[PDB]
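Have a look at the structure below before the remarks.
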4 protein chains.
Amino acid sequence: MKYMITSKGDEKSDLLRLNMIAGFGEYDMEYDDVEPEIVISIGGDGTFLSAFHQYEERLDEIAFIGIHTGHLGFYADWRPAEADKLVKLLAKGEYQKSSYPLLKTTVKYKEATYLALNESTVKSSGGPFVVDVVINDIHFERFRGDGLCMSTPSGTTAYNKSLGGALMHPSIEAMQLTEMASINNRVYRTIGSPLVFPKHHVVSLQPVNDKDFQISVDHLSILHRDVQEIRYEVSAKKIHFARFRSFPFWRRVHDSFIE
Amino acid sequence: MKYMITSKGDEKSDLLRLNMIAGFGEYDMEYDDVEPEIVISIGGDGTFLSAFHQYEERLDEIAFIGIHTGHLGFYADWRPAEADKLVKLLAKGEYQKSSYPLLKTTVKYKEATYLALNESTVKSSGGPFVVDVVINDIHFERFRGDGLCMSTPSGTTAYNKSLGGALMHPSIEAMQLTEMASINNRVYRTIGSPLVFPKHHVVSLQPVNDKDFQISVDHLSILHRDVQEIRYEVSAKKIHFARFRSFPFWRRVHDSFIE
Amino acid sequence: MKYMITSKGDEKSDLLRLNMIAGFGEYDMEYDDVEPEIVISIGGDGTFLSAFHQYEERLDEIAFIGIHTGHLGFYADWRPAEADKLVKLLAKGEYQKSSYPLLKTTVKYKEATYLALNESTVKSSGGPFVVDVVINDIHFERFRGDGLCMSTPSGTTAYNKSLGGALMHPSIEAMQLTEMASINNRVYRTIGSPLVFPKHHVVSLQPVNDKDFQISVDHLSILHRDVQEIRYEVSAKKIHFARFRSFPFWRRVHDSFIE
Amino acid sequence: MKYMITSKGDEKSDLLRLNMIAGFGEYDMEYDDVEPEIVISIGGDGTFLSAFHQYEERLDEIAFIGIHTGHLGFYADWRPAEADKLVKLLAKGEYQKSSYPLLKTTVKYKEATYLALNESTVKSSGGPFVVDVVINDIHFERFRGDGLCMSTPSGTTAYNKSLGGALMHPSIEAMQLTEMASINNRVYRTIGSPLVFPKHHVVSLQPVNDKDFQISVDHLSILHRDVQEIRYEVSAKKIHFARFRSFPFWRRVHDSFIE
Ligand SMILES: NC(=O)c1ccc[n+]([C@@H]2O[C@H](COP(=O)([O-])OP(=O)(O)OC[C@H]3O[C@@H](n4cnc5c(N)ncnc54)[C@H](OP(=O)(O)O)[C@@H]3O)[C@@H](O)[C@H]2O)c1
Ligand SMILES: NC(=O)c1ccc[n+]([C@@H]2O[C@H](COP(=O)([O-])OP(=O)(O)OC[C@H]3O[C@@H](n4cnc5c(N)ncnc54)[C@H](OP(=O)(O)O)[C@@H]3O)[C@@H](O)[C@H]2O)c1
Ligand SMILES: NC(=O)c1ccc[n+]([C@@H]2O[C@H](COP(=O)([O-])OP(=O)(O)OC[C@H]3O[C@@H](n4cnc5c(N)ncnc54)[C@H](OP(=O)(O)O)[C@@H]3O)[C@@H](O)[C@H]2O)c1
Ligand SMILES: NC(=O)c1ccc[n+]([C@@H]2O[C@H](COP(=O)([O-])OP(=O)(O)OC[C@H]3O[C@@H](n4cnc5c(N)ncnc54)[C@H](OP(=O)(O)O)[C@@H]3O)[C@@H](O)[C@H]2O)c1
């Protein structure tokens with residue numbers, strides 16, 4: 001089948017990449033980075049995040065696999081020493097697919113949409129951050145603070161976790177909203193707690209005074225000017241992984257945070 | 001249809017109860033507190049929790065309704081001044097049913113099972129609290145601290161919230177595990193974060209030294225001796241509510257915590 | 001004595017300012033905004049913070065007073081309706097002085113020093129934030145995350161509080177370091193907890209890769225390039241307040257956050 | 001000088017104890033566990049806490065030293081392999097004394113007072129926990145939740161830390177109040193944040209309905225019945241340590257929590 005390999009770009013990763021291409025040379029596997037069916041990422045979770053965004057127009061046609069050159073990754077499921085075993089399994093087609101939910105972000109000004117695998121965040125462009133938070137058209141809170149983070153399930157181990165969010169098993173189709181440094185006093189009030197939203201709920205952020213926001217989607221971060229609305233919902237699209245063995249989410253969590 | 005009414009037992013609640021019984025007297029509604037089809041709770045969420053546990057052997061046959069005499073409740077959806085309107089709607093059958101997930105607790109010694117609408121918690125019987133946390137038979141962490149709290153979705157606004165858990169929309173079939181005062185240092189390590197579990201995941205707590213635990217299920221709290229295992233999973237059973245109008249979960253959250 | 005009055009600049013504040021100047025006209029009080037001995041701030045705590053930084057070269061010669069036009073302030077101790085009573089008390093000299101500790105920030109490149117009344121914070125200029133935290137020349141932790149906040153005692157009710165810091169009575173000569181969204185996992189480790197430092201302890205932040213930082217001192221926020229060190233210590237300088245009645249810190253905290 | 005040695009009571013600790021007694025036999029050092037001037041604890045910080053409470057009537061006459069048999073301790077400053085070096089230094093009198101602040105607890109019914117080296121905590125005897133918190137005779141908050149923890153500076157690394165309190169350098173004469181699982185909503189309000197109190201401030205807890213409380217002082221935990229008041233203040237008494245080398249507090253914190 002058609003495949004391609006992205007590399008973190010250090011010496012370790014490029015050579016492991018060349019090795020796998022040579023190894024794939026011995027099977028009915030065609031290198032194709034335009035219309036690949038398998039996308040192998042070699043590096044860290046940052047490398048995997050870039051591979052996902054490189055091909056996010058064909059998530060329906062692609063199964064992703066990650067090899068972590070440094071520490072273990074939540075998306076890069078494989079060690080370098082296992083590359084040859086992976087080459088053989090992929091060529092023989094002995095793999096199941098699994099899917100993770102994704103987050104849709106819409107920015108209205110006159111409208112851009114993004115897909116996130118980890119999260120989308122909103123901060124001010126320097127001044128104070130104040131937004132109205134509207135859940136399914138109902139005004140829920142006026143948020144004052146440093147910013148807001150909306151995480152997918154697999155994103156819950158990343159920025160969301162540092163903000164006090166829960167870790168959510170990726171079989172749950174949800175998104176999680178966490179606060180960054182909310183102001184709470186006599187007059188200003190936020191919920192405080194993380195909020196977990198099911199599919200089809202729409203969280204809308206609406207400016208109060210300033211209309212300029214620094215918006216991040218995974219690694220990408222852009223200053224958006226004259227914003228009327230930021231809309232969050234669980235995407236209809238999903239990322240697909242090639243899975244060759246059992247590696248449960250909670251085992252990845254244990255291995256990454258406990259030992 | 002058959003119905004019964006429990007009362008918080010103060011003067012306000014009993015009289016509102018008597019009024020509704022008189023009001024039901026004018027329809028084809030039979031008072032029956034053995035095999036009721038509708039269970040009306042008048043009081044607070046504590047009163048509603050007691051009504052649920054009174055009839056938890058027939059959750060399949062019952063739709064619950066709550067009237068809050070004091071502050072607004074998350075389960076008691078109705079104000080006293082609306083009692084007469086409620087009498088009329090219930091008698092005419094103009095109601096939809098909605099369901100919330102419940103938590104199953106199994107205590108093995110030689111085995112008791114409980115159903116919780118808010119949460120189940122585990123603490124020691126005085127000494128230090130140490131348990132091994134096993135997720136789907138995989139050892140996840142050795143927890144040291146004051147205790148652990150496993151919450152249903154509708155429970156996430158209660159004890160779970162005070163422990164830093166996320167609020168979860170009740171359409172999500174999940175349970176959430178939060179830490180009470182975990183010890184984390186060079187040698188002792190817990191995840192820290194709340195954990196959200198889908199249906200069919202089994203969280204097992206296993207003693208390390210002491211085998212005596214104070215276990216709570218909603219309001220009930222019992223000292224269990226010589227415990228071998230505490231098992232948590234999302235129940236196959238659900239609570240059913242009679243719904244007569246739109247009152248979204250996030251609106252209940254806003255009304256209860258924001259204003 | 002010599003005095004001056006700064007105003008938030010809205011209609012309410014300017015007119016209250018003009019009234020007090022007219023009122024001071026009836027005593028031996030000379031308006032002087034170059035070498036004032038009393039500095040009256042009329043507005044909010046933001047207005048007071050600007051008054052403090054306007055005159056921070058003569059904190060030894062000045063007693064500050066604040067009038068809050070909007071909500072109650074932690075530094076603006078007086079309501080508008082009390083302005084005339086304040087005019088009379090100040091002119092008669094019936095006031096005690098009280099002092100709050102201040103934070104000294106040194107940025108080395110080739111060295112700038114700042115004084116903060118609330119706090120100094122450090123964030124990256126966009127990329128990831130990584131710094132080594134050195135306490136009294138001893139390497140304490142490698143911090144990864146969004147940033148760090150060093151608060152005075154009276155600052156503990158502001159940004160520090162939103163970050164989970166403790167509130168500290170201003171009679172304690174200390175500074176408090178809080179984390180913004182620290183990354184903690186198998187490999188990366190921060191203390192997590194706020195840290196409270198006595199006088200004469202020196203906390204030094206040292207770059208790891210990137211040398212560009214966005215540094216804030218109270219309201220001021222500046223991009224510093226090619227930074228070698230950020231040094232925090234409790235200042236030898238203190239702010240002095242004119243006090244005319246009992247208004248305990250914990251009462252200000254109660255009034256501002258509880259009711 | 002007069003000295004005594006307490007032991008954790010395992011084989012390692014008793015034998016290390018016997019060795020030091022034999023070693024002390026070669027100097028002008030008299031074993032005396034009634035009126036000792038030096039108290040050596042061999043075990044963990046729990047062993048040291050028991051030694052402190054054994055002799056808390058003569059804290060003015062005693063310098064404490066701790067040897068940790070297991071992991072490093074915050075009070076047990078010495079490893080077993082260094083016992084002989086310690087014997088020699090103590091006998092030669094080559095030691096400085098350092099002092100840590102202590103917490104005074106008064107329980108009024110008709111009045112008991114306790115001294116804590118780590119902290120004092122208050123919980124209910126089973127039902128809900130509700131107390132009024134009075135700071136220097138001013139009503140500050142009505143606390144609802146699981147309990148409250150008042151920590152000394154050296155206690156801030158223990159229970160206080162697990163509750164989200166700040167770590168405080170022990171040269172600061174203060175106590176820190178942290179919340180256990182506070183309920184915060186539309187009607188119920190607590191400060192949330194830890195509170196740091198200077199010397200001479202008096203925090204008083206006063207019952208609201210129930211008068212029975214489980215009160216802990218370091219390891220001791222007792223059910224107090226018919227309580228009228230719990231009073232917290234920084235003690236006039238201090239613990240004195242024999243110090244033979246530099247081991248800064250922040251280095252102990254680094255070694256215990258970072259690596
Ligand atoms: N305060 C924070 O915790 C914080 C702040 C900003 C951004 N981030 C994370 O950074 C991501 C994008 O940046 P980047 O990765 O391109 O560069 P980066 O900022 O250097 O990456 C931050 C770290 O997050 C790790 N990571 C990525 N996805 C993760 C996941 N799902 N669970 C746990 N850890 C994960 C990455 O692992 P590798 O080393 O294997 O790449 C990397 O070490 C965002 O999606 C966000 O989640 C975290
Ligand atoms: N630290 C804590 O936050 C804490 C500690 C222990 C127990 N609890 C809660 O108490 C419950 C059982 O006690 P109880 O109600 O019989 O007596 P209780 O301890 O007096 O009740 C505690 C309060 O929780 C409220 N509550 C109940 N269910 C709730 C929900 N789903 N979301 C938000 N608030 C809710 C009750 O409202 P009403 O006043 O209307 O009854 C009551 O005010 C447990 O299920 C637990 O969630 C909370
Ligand atoms: N996430 C946060 O909580 C956050 C983030 C950034 C900055 N800030 C605060 O903003 C300050 C400087 O900004 P600014 O005041 O010029 O404009 P600002 O960002 O609009 O001010 C933020 C708010 O903090 C209040 N405040 C100031 N000093 C305080 C104190 N000691 N305790 C409690 N609240 C206090 C101000 O009261 P007034 O309305 O009376 O002016 C204002 O409402 C910083 O010193 C920092 O503490 C807070
Ligand atoms: N949730 C919690 O974190 C929690 C709950 C209850 C009690 N405690 C602590 O337990 C103490 C009394 O119990 P115990 O020690 O007799 O038995 P314990 O409950 O078994 O001791 C708990 C642990 O705390 C450690 N510790 C003691 N003082 C400390 C300090 N100042 N800083 C950091 N760690 C410290 C002890 O070290 P060693 O192993 O060397 O003895 C022990 O490992 C209390 O003073 C309280 O601070 C903690």
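Labels for the structure tokens follow display order: chains A, B, ..., residues from 1 in each chain, ligands from 1.
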
- Task: For chain C, list the residues within 6 Å of chain A, counting only C-alpha atoms, and write the list as a PyMOL selection string.
- Result: chain C and resi 162-163+181-183+185-186+256-257

Got time to write the residues from that selection, N, CA and C atoms, as a PDB file, in the first residue's frame?
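Result file is part_5.pdb:
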```pdb
ATOM      1  N   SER C 162      -5.114  33.697  41.861  1.00  0.00           N
ATOM      2  CA  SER C 162      -5.629  32.959  40.720  1.00  0.00           C
ATOM      3  C   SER C 162      -4.759  31.758  40.373  1.00  0.00           C
ATOM      4  N   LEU C 163      -3.481  31.793  40.742  1.00  0.00           N
ATOM      5  CA  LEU C 163      -2.576  30.683  40.468  1.00  0.00           C
ATOM      6  C   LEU C 163      -2.539  29.665  41.588  1.00  0.00           C
ATOM      7  N   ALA C 181       0.797  26.600  35.083  1.00  0.00           N
ATOM      8  CA  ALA C 181       0.622  25.440  34.197  1.00  0.00           C
ATOM      9  C   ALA C 181       1.916  24.625  34.006  1.00  0.00           C
ATOM     10  N   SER C 182       2.506  24.199  35.118  1.00  0.00           N
ATOM     11  CA  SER C 182       3.716  23.376  35.054  1.00  0.00           C
ATOM     12  C   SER C 182       3.455  22.008  34.426  1.00  0.00           C
ATOM     13  N   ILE C 183       4.421  21.554  33.641  1.00  0.00           N
ATOM     14  CA  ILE C 183       4.433  20.208  33.080  1.00  0.00           C
ATOM     15  C   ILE C 183       5.116  19.285  34.073  1.00  0.00           C
ATOM     16  N   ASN C 185       5.832  15.105  34.547  1.00  0.00           N
ATOM     17  CA  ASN C 185       5.655  13.726  34.109  1.00  0.00           C
ATOM     18  C   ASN C 185       6.820  12.858  34.574  1.00  0.00           C
ATOM     19  N   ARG C 186       7.069  11.765  33.844  1.00  0.00           N
ATOM     20  CA  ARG C 186       8.152  10.849  34.191  1.00  0.00           C
ATOM     21  C   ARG C 186       9.495  11.574  34.261  1.00  0.00           C
ATOM     22  N   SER C 256     -13.741  41.492  50.098  1.00  0.00           N
ATOM     23  CA  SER C 256     -13.500  41.396  48.662  1.00  0.00           C
ATOM     24  C   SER C 256     -13.874  40.042  48.082  1.00  0.00           C
ATOM     25  N   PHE C 257     -13.708  38.962  48.841  1.00  0.00           N
ATOM     26  CA  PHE C 257     -13.898  37.624  48.293  1.00  0.00           C
ATOM     27  C   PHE C 257     -15.076  36.855  48.875  1.00  0.00           C
TER      28      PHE C 257
END
```

- Contacts of residue 92 in chain A at 12 Å or less, counting only C-alpha atoms, minus same-chain residues fewer than 6 places along, as an NGL selection string? :A and (1 or 24 or 26-29 or 85-86 or 244)

Identify, with DSSP run on backbone atoms, the residues in range 2-250 of chain D assigned to alpha helix (DSSP H), and express the list as a PDB file with N, CA, C and O atoms, in the first residue's frame.
```
ATOM      1  N   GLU D  11      15.022  -3.720  63.783  1.00  0.00           N
ATOM      2  CA  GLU D  11      16.359  -4.234  64.052  1.00  0.00           C
ATOM      3  C   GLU D  11      17.430  -3.222  63.663  1.00  0.00           C
ATOM      4  O   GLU D  11      18.374  -2.977  64.423  1.00  0.00           O
ATOM      5  N   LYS D  12      17.299  -2.623  62.480  1.00  0.00           N
ATOM      6  CA  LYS D  12      18.263  -1.616  62.046  1.00  0.00           C
ATOM      7  C   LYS D  12      18.427  -0.523  63.098  1.00  0.00           C
ATOM      8  O   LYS D  12      19.550  -0.148  63.457  1.00  0.00           O
ATOM      9  N   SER D  13      17.308  -0.010  63.617  1.00  0.00           N
ATOM     10  CA  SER D  13      17.362   1.193  64.441  1.00  0.00           C
ATOM     11  C   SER D  13      17.895   0.894  65.834  1.00  0.00           C
ATOM     12  O   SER D  13      18.687   1.670  66.380  1.00  0.00           O
ATOM     13  N   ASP D  14      17.463  -0.217  66.434  1.00  0.00           N
ATOM     14  CA  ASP D  14      17.952  -0.557  67.766  1.00  0.00           C
ATOM     15  C   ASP D  14      19.457  -0.769  67.762  1.00  0.00           C
ATOM     16  O   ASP D  14      20.162  -0.311  68.670  1.00  0.00           O
ATOM     17  N   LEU D  15      19.965  -1.481  66.760  1.00  0.00           N
ATOM     18  CA  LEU D  15      21.398  -1.731  66.713  1.00  0.00           C
ATOM     19  C   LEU D  15      22.159  -0.436  66.475  1.00  0.00           C
ATOM     20  O   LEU D  15      23.195  -0.195  67.099  1.00  0.00           O
ATOM     21  N   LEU D  16      21.657   0.433  65.602  1.00  0.00           N
ATOM     22  CA  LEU D  16      22.335   1.713  65.461  1.00  0.00           C
ATOM     23  C   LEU D  16      22.289   2.476  66.777  1.00  0.00           C
ATOM     24  O   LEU D  16      23.280   3.098  67.186  1.00  0.00           O
ATOM     25  N   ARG D  17      21.169   2.374  67.495  1.00  0.00           N
ATOM     26  CA  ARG D  17      21.099   2.989  68.814  1.00  0.00           C
ATOM     27  C   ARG D  17      22.155   2.400  69.752  1.00  0.00           C
ATOM     28  O   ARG D  17      22.928   3.135  70.372  1.00  0.00           O
ATOM     29  N   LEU D  18      22.226   1.075  69.858  1.00  0.00           N
ATOM     30  CA  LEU D  18      23.213   0.489  70.764  1.00  0.00           C
ATOM     31  C   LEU D  18      24.630   0.934  70.405  1.00  0.00           C
ATOM     32  O   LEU D  18      25.447   1.227  71.286  1.00  0.00           O
ATOM     33  N   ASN D  19      24.934   0.991  69.110  1.00  0.00           N
ATOM     34  CA  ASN D  19      26.250   1.433  68.670  1.00  0.00           C
ATOM     35  C   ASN D  19      26.561   2.836  69.166  1.00  0.00           C
ATOM     36  O   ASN D  19      27.674   3.108  69.628  1.00  0.00           O
ATOM     37  N   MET D  20      25.599   3.754  69.055  1.00  0.00           N
ATOM     38  CA  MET D  20      25.881   5.121  69.470  1.00  0.00           C
ATOM     39  C   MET D  20      26.049   5.208  70.982  1.00  0.00           C
ATOM     40  O   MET D  20      26.923   5.932  71.474  1.00  0.00           O
ATOM     41  N   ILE D  21      25.250   4.454  71.738  1.00  0.00           N
ATOM     42  CA  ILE D  21      25.431   4.436  73.186  1.00  0.00           C
ATOM     43  C   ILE D  21      26.830   3.948  73.529  1.00  0.00           C
ATOM     44  O   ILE D  21      27.540   4.553  74.342  1.00  0.00           O
ATOM     45  N   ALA D  22      27.246   2.832  72.929  1.00  0.00           N
ATOM     46  CA  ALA D  22      28.622   2.378  73.134  1.00  0.00           C
ATOM     47  C   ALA D  22      29.607   3.480  72.755  1.00  0.00           C
ATOM     48  O   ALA D  22      30.515   3.810  73.525  1.00  0.00           O
ATOM     49  N   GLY D  23      29.411   4.092  71.585  1.00  0.00           N
ATOM     50  CA  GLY D  23      30.276   5.190  71.184  1.00  0.00           C
ATOM     51  C   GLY D  23      30.274   6.344  72.171  1.00  0.00           C
ATOM     52  O   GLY D  23      31.329   6.894  72.494  1.00  0.00           O
ATOM     53  N   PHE D  24      29.087   6.749  72.644  1.00  0.00           N
ATOM     54  CA  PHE D  24      29.032   7.788  73.671  1.00  0.00           C
ATOM     55  C   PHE D  24      29.735   7.359  74.950  1.00  0.00           C
ATOM     56  O   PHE D  24      30.174   8.209  75.733  1.00  0.00           O
ATOM     57  N   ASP D  45      10.585  10.417  60.172  1.00  0.00           N
ATOM     58  CA  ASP D  45      10.025  11.626  60.770  1.00  0.00           C
ATOM     59  C   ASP D  45       8.924  11.301  61.764  1.00  0.00           C
ATOM     60  O   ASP D  45       8.702  12.073  62.704  1.00  0.00           O
ATOM     61  N   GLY D  46       8.231  10.170  61.587  1.00  0.00           N
ATOM     62  CA  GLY D  46       7.283   9.738  62.604  1.00  0.00           C
ATOM     63  C   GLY D  46       7.953   9.460  63.937  1.00  0.00           C
ATOM     64  O   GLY D  46       7.424   9.821  64.995  1.00  0.00           O
ATOM     65  N   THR D  47       9.130   8.808  63.908  1.00  0.00           N
ATOM     66  CA  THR D  47       9.886   8.586  65.139  1.00  0.00           C
ATOM     67  C   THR D  47      10.299   9.911  65.770  1.00  0.00           C
ATOM     68  O   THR D  47      10.218  10.079  66.990  1.00  0.00           O
ATOM     69  N   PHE D  48      10.787  10.849  64.957  1.00  0.00           N
ATOM     70  CA  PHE D  48      11.163  12.161  65.466  1.00  0.00           C
ATOM     71  C   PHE D  48       9.967  12.890  66.082  1.00  0.00           C
ATOM     72  O   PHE D  48      10.095  13.518  67.141  1.00  0.00           O
ATOM     73  N   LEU D  49       8.800  12.827  65.428  1.00  0.00           N
ATOM     74  CA  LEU D  49       7.606  13.477  65.978  1.00  0.00           C
ATOM     75  C   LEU D  49       7.259  12.921  67.358  1.00  0.00           C
ATOM     76  O   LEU D  49       6.809  13.664  68.241  1.00  0.00           O
ATOM     77  N   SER D  50       7.454  11.610  67.561  1.00  0.00           N
ATOM     78  CA  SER D  50       7.182  11.013  68.870  1.00  0.00           C
ATOM     79  C   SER D  50       8.193  11.470  69.915  1.00  0.00           C
ATOM     80  O   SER D  50       7.837  11.663  71.086  1.00  0.00           O
ATOM     81  N   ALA D  51       9.462  11.618  69.515  1.00  0.00           N
ATOM     82  CA  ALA D  51      10.483  12.121  70.428  1.00  0.00           C
ATOM     83  C   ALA D  51      10.165  13.535  70.875  1.00  0.00           C
ATOM     84  O   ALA D  51      10.335  13.880  72.051  1.00  0.00           O
ATOM     85  N   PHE D  52       9.729  14.378  69.938  1.00  0.00           N
ATOM     86  CA  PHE D  52       9.354  15.748  70.271  1.00  0.00           C
ATOM     87  C   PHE D  52       8.223  15.780  71.295  1.00  0.00           C
ATOM     88  O   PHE D  52       8.291  16.532  72.280  1.00  0.00           O
ATOM     89  N   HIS D  53       7.198  14.938  71.114  1.00  0.00           N
ATOM     90  CA  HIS D  53       6.054  14.947  72.028  1.00  0.00           C
ATOM     91  C   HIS D  53       6.365  14.251  73.337  1.00  0.00           C
ATOM     92  O   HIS D  53       5.721  14.535  74.352  1.00  0.00           O
ATOM     93  N   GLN D  54       7.350  13.363  73.342  1.00  0.00           N
ATOM     94  CA  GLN D  54       7.783  12.781  74.599  1.00  0.00           C
ATOM     95  C   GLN D  54       8.349  13.854  75.519  1.00  0.00           C
ATOM     96  O   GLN D  54       8.137  13.809  76.736  1.00  0.00           O
ATOM     97  N   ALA D  83      26.522   7.818  61.706  1.00  0.00           N
ATOM     98  CA  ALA D  83      26.276   7.813  63.146  1.00  0.00           C
ATOM     99  C   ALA D  83      27.558   8.070  63.931  1.00  0.00           C
ATOM    100  O   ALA D  83      27.577   8.871  64.870  1.00  0.00           O
ATOM    101  N   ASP D  84      28.644   7.386  63.573  1.00  0.00           N
ATOM    102  CA  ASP D  84      29.870   7.544  64.343  1.00  0.00           C
ATOM    103  C   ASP D  84      30.394   8.973  64.262  1.00  0.00           C
ATOM    104  O   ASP D  84      30.906   9.508  65.253  1.00  0.00           O
ATOM    105  N   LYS D  85      30.276   9.608  63.091  1.00  0.00           N
ATOM    106  CA  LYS D  85      30.717  10.994  62.963  1.00  0.00           C
ATOM    107  C   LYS D  85      29.883  11.900  63.858  1.00  0.00           C
ATOM    108  O   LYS D  85      30.403  12.831  64.486  1.00  0.00           O
ATOM    109  N   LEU D  86      28.588  11.603  63.954  1.00  0.00           N
ATOM    110  CA  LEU D  86      27.679  12.360  64.802  1.00  0.00           C
ATOM    111  C   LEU D  86      28.020  12.195  66.279  1.00  0.00           C
ATOM    112  O   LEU D  86      28.001  13.175  67.039  1.00  0.00           O
ATOM    113  N   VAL D  87      28.301  10.959  66.710  1.00  0.00           N
ATOM    114  CA  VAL D  87      28.714  10.724  68.096  1.00  0.00           C
ATOM    115  C   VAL D  87      29.864  11.650  68.454  1.00  0.00           C
ATOM    116  O   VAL D  87      29.839  12.343  69.478  1.00  0.00           O
ATOM    117  N   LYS D  88      30.888  11.677  67.595  1.00  0.00           N
ATOM    118  CA  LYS D  88      32.090  12.458  67.868  1.00  0.00           C
ATOM    119  C   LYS D  88      31.780  13.952  67.925  1.00  0.00           C
ATOM    120  O   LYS D  88      32.254  14.656  68.823  1.00  0.00           O
ATOM    121  N   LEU D  89      30.963  14.452  66.993  1.00  0.00           N
ATOM    122  CA  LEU D  89      30.681  15.887  66.970  1.00  0.00           C
ATOM    123  C   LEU D  89      29.875  16.318  68.191  1.00  0.00           C
ATOM    124  O   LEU D  89      30.191  17.335  68.821  1.00  0.00           O
ATOM    125  N   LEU D  90      28.831  15.556  68.537  1.00  0.00           N
ATOM    126  CA  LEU D  90      28.013  15.878  69.706  1.00  0.00           C
ATOM    127  C   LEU D  90      28.838  15.913  70.983  1.00  0.00           C
ATOM    128  O   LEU D  90      28.669  16.810  71.818  1.00  0.00           O
ATOM    129  N   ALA D  91      29.719  14.930  71.167  1.00  0.00           N
ATOM    130  CA  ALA D  91      30.517  14.892  72.383  1.00  0.00           C
ATOM    131  C   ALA D  91      31.437  16.099  72.467  1.00  0.00           C
ATOM    132  O   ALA D  91      31.664  16.648  73.550  1.00  0.00           O
ATOM    133  N   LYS D  92      31.967  16.537  71.338  1.00  0.00           N
ATOM    134  CA  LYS D  92      32.893  17.658  71.376  1.00  0.00           C
ATOM    135  C   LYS D  92      32.191  19.006  71.467  1.00  0.00           C
ATOM    136  O   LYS D  92      32.872  20.030  71.589  1.00  0.00           O
ATOM    137  N   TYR D 159       1.071  17.242  55.477  1.00  0.00           N
ATOM    138  CA  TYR D 159      -0.339  17.292  55.127  1.00  0.00           C
ATOM    139  C   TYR D 159      -0.696  18.583  54.377  1.00  0.00           C
ATOM    140  O   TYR D 159      -1.409  18.548  53.376  1.00  0.00           O
ATOM    141  N   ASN D 160      -0.183  19.723  54.839  1.00  0.00           N
ATOM    142  CA  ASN D 160      -0.431  21.011  54.183  1.00  0.00           C
ATOM    143  C   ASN D 160      -0.135  20.951  52.689  1.00  0.00           C
ATOM    144  O   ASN D 160      -0.898  21.470  51.855  1.00  0.00           O
ATOM    145  N   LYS D 161       0.966  20.302  52.329  1.00  0.00           N
ATOM    146  CA  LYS D 161       1.352  20.250  50.930  1.00  0.00           C
ATOM    147  C   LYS D 161       0.339  19.468  50.109  1.00  0.00           C
ATOM    148  O   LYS D 161       0.018  19.855  48.978  1.00  0.00           O
ATOM    149  N   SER D 162      -0.126  18.329  50.637  1.00  0.00           N
ATOM    150  CA  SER D 162      -1.131  17.532  49.953  1.00  0.00           C
ATOM    151  C   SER D 162      -2.440  18.289  49.773  1.00  0.00           C
ATOM    152  O   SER D 162      -3.228  17.943  48.879  1.00  0.00           O
ATOM    153  N   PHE D 249      16.912  24.305  54.230  1.00  0.00           N
ATOM    154  CA  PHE D 249      15.527  23.876  54.017  1.00  0.00           C
ATOM    155  C   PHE D 249      15.214  23.631  52.544  1.00  0.00           C
ATOM    156  O   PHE D 249      14.700  22.575  52.175  1.00  0.00           O
ATOM    157  N   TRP D 250      15.519  24.589  51.674  1.00  0.00           N
ATOM    158  CA  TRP D 250      15.185  24.361  50.276  1.00  0.00           C
ATOM    159  C   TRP D 250      15.959  23.195  49.669  1.00  0.00           C
ATOM    160  O   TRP D 250      15.487  22.606  48.688  1.00  0.00           O
TER     161      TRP D 250
END
```

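Separating CA of residue 133 in chain C from CA of residue 204 in chain C is a distance of 5.9 Å.
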
- Between B:231, B:144, B:139, B:252, single out the one closest to ligand 4, counting only C-alpha atoms and all ligand atoms. B:144

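Distances from A:173, A:10, A:210, A:33 to residue 70 in chain A were compared using only C-alpha atoms, and the smallest one belongs to A:10.
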
- Message: Taking the DSSP secondary structure from the backbone, can you list the residues of range 23-250 of chain A that are strand (DSSP E), as a PyMOL selection string?
- Response: chain A and resi 30-31+38-43+63-68+96-108+111-116+119-124+129-135+138-145+147-151+167-168+174-180+195-198+203-207+213-217+220-224+229-243

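Our summary of the geometry notes that CA of residue 203 in chain C is positioned 6.4 Å from CA of residue 136 in chain C.
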
- Message: Give me, as a PyMOL selection string, all polymer residues having an atom no more than 7 Å from range 108-125 of chain D, counting only C-alpha atoms and skipping those fewer than 6 positions away in the same chain.
- Response: chain D and resi 102+146-152+154-155+212-218+226-230
